[PDB]
Structure formats: structure tokens, C-alpha cells
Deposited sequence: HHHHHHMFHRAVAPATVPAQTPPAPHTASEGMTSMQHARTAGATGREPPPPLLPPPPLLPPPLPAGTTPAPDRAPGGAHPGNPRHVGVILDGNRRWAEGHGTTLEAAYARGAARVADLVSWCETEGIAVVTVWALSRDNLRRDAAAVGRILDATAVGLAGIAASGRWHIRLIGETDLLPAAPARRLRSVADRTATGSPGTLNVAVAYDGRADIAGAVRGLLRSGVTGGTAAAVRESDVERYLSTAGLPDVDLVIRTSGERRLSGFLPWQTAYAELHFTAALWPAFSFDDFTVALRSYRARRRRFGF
């Protein structure tokens, strides 16, 4: 069950992998493999707190500017294996996965699809996601259906995602960069200085305490 005072839906922008790799002399894929381990840490800490909906923004559409993107997607899918094997999180993909290389995209899809019975948590993994594209998808979805604010929300590409209560962005960047513009409208915004591959339990506790203290 949920604890009152805790956020029902936490969204995390997994920022800082590129900077972390350059500072440590590693590849980008090694940073995303470590970033995937931090996602596993995150959902474990959320579980202990009874937080059942978690959305992580792993890859933006603008940052798709081929070979590295495939390695990134594969390192993420492998790093999510422990979450999948836990059976305690239903992993879903959001974003325009059709813009990703087909073979690594399929392997990421195959990891998520094996968690259809995961419960009670929901982990939404955003790849090739763009907030303005999310909103634009609502206007095309309405067109195909042949107008209230609830009607726009119903046809977002992320219509399956509810309101976000707490947004965490790492790497010290004080921006949302279009992360779920509809669902984060009234979200508490917390900015962590640490780069995502170094996201710690202290960072998590500080973020949650900032939410409860609002």
C-alpha cells in the first residue's frame, strides 16, 4: 500500500550519463549500463516506500542525433533484467520507439513485454520521447477519432500515464526539457546535483523529504 505524504507517481529524468562517462573515461554504453543499475536501485527504494508508479526518461528524441543509440538501448534492456525477474514491476515503454534501430528496440520491447504480470509497481521507460511530440500526438489522435481538456489528455501518447507528483532531475540541470508536459503541470520539481550513474540513496531521501516538506 501507499504511505500518505509520499508521492503516488515519481518521474525521474536520468540526466548526466554523458558527463559521467567523460569524467570517468568510460564509454557511453558503460554509463547507461550503470544508469540501468541505478534504475534498479530506484524502484527498490520506491517499493520500500510503497511508491507504485515510476516513470524514467532514459532517452530524448533530440539526443538521437545510431550505433551508440543501439548500444544505449541494449545496455538499458540488459540492466532492466533484474527488475523484470523480480516480478514486482510491470515495465512499459513510452515514446516513439519507431525512431530507434529496430533490433535493439525489439530487445528492449521483449524485456518489457515479459513483465505483463508484474505487480504492484508500474515502471514506464521513456525512450525517444519528446514532450511537444506528446502534445502533438493528442491532436492527431483526436483527428482520427473525428473538445474538452479531458479529451486532449485522453489522446496523449502518454494517456496511460497519470499525473506526476514528484519530478527528479539529476546532473544539476534546472530544466524539465519537455518531460511529460501534461502530467507534470502540478508536480513538485526537485533537482539533484549528482549525475545519474552516481544517484545515491541520500539523493533519493533528500528528494522524498523535499516532497513531504512541501
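Note: segments 1-76, 142-143, 225-232, 301-306 of the deposited sequence have no C-alpha coordinates in the structure.
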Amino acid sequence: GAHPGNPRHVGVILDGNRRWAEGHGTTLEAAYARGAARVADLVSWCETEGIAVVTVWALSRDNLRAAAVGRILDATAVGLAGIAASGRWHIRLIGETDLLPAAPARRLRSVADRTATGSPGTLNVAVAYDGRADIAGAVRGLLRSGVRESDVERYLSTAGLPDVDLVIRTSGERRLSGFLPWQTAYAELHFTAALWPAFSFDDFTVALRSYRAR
From here on, numbers count along this sequence of modelled residues.
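For the segment pair 119-127 and 81-89, the entry gives 81-89 the higher mean B-factor, averaged over Cα atoms. The mean C-alpha temperature factor is higher for 21-29 when 21-29 and 197-205 are set side by side.
Take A67, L166, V56, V43 and read off each C-alpha B-factor from the entry; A67 has the highest. Looking at the C-alpha B-factors along this chain, the one for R148 belongs to the highest third. Among the modelled residues of its chain, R174 has a C-alpha B-factor that falls in the middle third, as given in the PDB entry. Ranked by Cα temperature factor within the chain, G35 sits in the lowest third according to the deposited record. Looking at the C-alpha B-factors along this chain, the one for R140 belongs to the highest third. For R71, the recorded CA temperature factor ranks within the highest third of the chain's modelled residues.
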